[PDB]
Number of protein chains: 2
Amino acid sequence: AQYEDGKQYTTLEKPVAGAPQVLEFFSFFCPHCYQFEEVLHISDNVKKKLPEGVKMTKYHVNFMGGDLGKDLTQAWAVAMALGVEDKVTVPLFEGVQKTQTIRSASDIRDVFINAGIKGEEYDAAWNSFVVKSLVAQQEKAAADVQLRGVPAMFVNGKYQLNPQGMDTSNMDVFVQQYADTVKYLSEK
Amino acid sequence: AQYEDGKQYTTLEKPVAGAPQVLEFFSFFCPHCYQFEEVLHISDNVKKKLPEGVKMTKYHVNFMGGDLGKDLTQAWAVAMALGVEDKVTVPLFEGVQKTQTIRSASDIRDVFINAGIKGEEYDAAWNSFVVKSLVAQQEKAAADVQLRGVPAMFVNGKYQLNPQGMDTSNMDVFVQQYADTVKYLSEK
């Protein structure tokens with residue numbers, strides 16, 4: 001590939017210090033985020049391409065979905081705090097976008113219960129200051145890269161992936177170009 | 001049910017002349033479209049309640065899918081041209097969203113071949129003026145109704161279904177409310 005700023009990636013005007021090496025932002029209301037998760041498996045394929053020691057971080061954003069949007073950011077904080085992201089990502093995406101059965105915080109709670117998280121544990125986490133701090137961390141991270149939309153990925157707080165500039169004829173070629181761009185940027 | 005403008009349906013500010021009597025839009029990438037068609041069977045339930053003589057039309061759109069999305073819209077034109085919608089809708093939805101076996105146009109072609117459409121016939125239709133025209137027709141219809149998202153349904157180019165307010169405490173009752181609304185608008 002001939003990597004070029006503006007094509008596969010763009011460069012932040014003011015790089016963020018102490019940023020995660022690979023930082024993804026998403027919303028459970030975001031249609032492309034649904035595709036990135038269920039059909040393209042972007043995070044898994046980026047992980048596979050990168051060295052074993054690279055930290056990948058994934059944060060939820062507030063600006064899709066009204067009040068339920070805020071609740072989902074708090075729920076994603078719960079998931080991070082309990083380490084159950086992989087248990088709830090699909091039923092949260094599908095509950096919001098596919099079946100549209102997630103309408104309130106109670107419905108979000110039911111998803112966690114059905115994914116095996118004990119209700120008492122969910123409630124304790126939901127109300128915890130660990131979770132409150134993770135909510136603040138997600139919001140600050142988005143602010144720091146001046147985030148305007150999702151999905152988004154940032155490498156070393158300097159470079160932003162530009163999927164728009166990639167080939168969309170074949171799903172697996174798209175994923176390969178995306179992951180290979182992350183690898184190129186990571187060792188930049 | 002007591003029908004009111006703004007409740008079960010809305011009224012287009014700019015009516016579309018010569019529109020199909022009942023016009024549905026969808027995308028094979030769209031999870032709620034999968035829900036509508038593969039789980040709720042909205043098209044089929046609407047059809048069953050429609051007055052005799054009222055035909056249903058269904059067009060594909062491309063909001064998410066880039067070049068592959070365009071391929072899907074052209075493949076849907078082939079399905080319309082060949083009259084094989086009822087043979088390929090299921091394996092196309094499953095292949096895109098569930099088994100992730102549809103990654104490119106070649107995989108779409110394989111679905112038609114497996115459904116009984118010979119490869120040379122699929123290709124002849126793919127490259128036909130009829131299919132080129134059907135692609136233009138799908139695009140133009142979406143533009144005419146100022147299509148914002150999918151799924152969507154329009155009656156007589158005048159009325160837009162509004163499922164948001166409908167009873168969703170029960171997917172069976174939702175389907176009934178939705179199909180009854182189309183029947184009502186068709187009679188108007």
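Below, chain A is the first sequence line, B the second, and so on; all start at residue 1.
The CG atom of A/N170 sits 7.5 Å away from atom CZ of B/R103, with the distance rounded to the nearest 0.5 Å. The line from CZ of A/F174 to OG of B/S104 is 15.5 Å long, rounded to the nearest 0.5 Å. Atom-to-atom distance recorded for B/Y34:OH and A/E94:CD is 9.0 Å, nearest 0.5 angstrom.
Residues A/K98 and B/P31 share a closest heavy-atom pair of CG-O, 3.6 Å.
Residue-environment remark: CD (B/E187) exceeds the threshold of 12 foreign heavy atoms within 6.0 Å. The neighbour count for B/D86 CG, taken as heavy atoms of other residues, nucleotides or ligands under 6.0 Å away, does not exceed 12.
Under a hydrophobic clustering in which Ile, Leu, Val, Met, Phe, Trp and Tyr are joined whenever their side-chain heavy atoms come within less than 4.5 Å, directly or via other members, B/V88 and B/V130 fall into the same cluster. The cluster map of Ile, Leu, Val, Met, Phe, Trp and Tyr, joined by side-chain heavy atoms under 4.5 Å apart, puts A/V90 and A/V111 in different clusters. Criterion: ILVMFWY side-chain heavy atoms under 4.5 Å apart, direct or through other members. Under it, A/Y184 and A/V173 are not part of a common hydrophobic cluster.
For chain A, the nearby part of B/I102 is the backbone; its heavy atoms alone come within less than 4.5 Å.
With B/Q97 contributing its side chain and A/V39 its backbone, the two residues share no donor-acceptor pair below 3.5 Å. A donor-acceptor contact shorter than 3.5 Å is absent between the side chain of B/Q100 and the backbone of A/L40. Panel note: side chain A/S169, backbone B/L68; no donor-acceptor pair is recorded below 3.5 Å.
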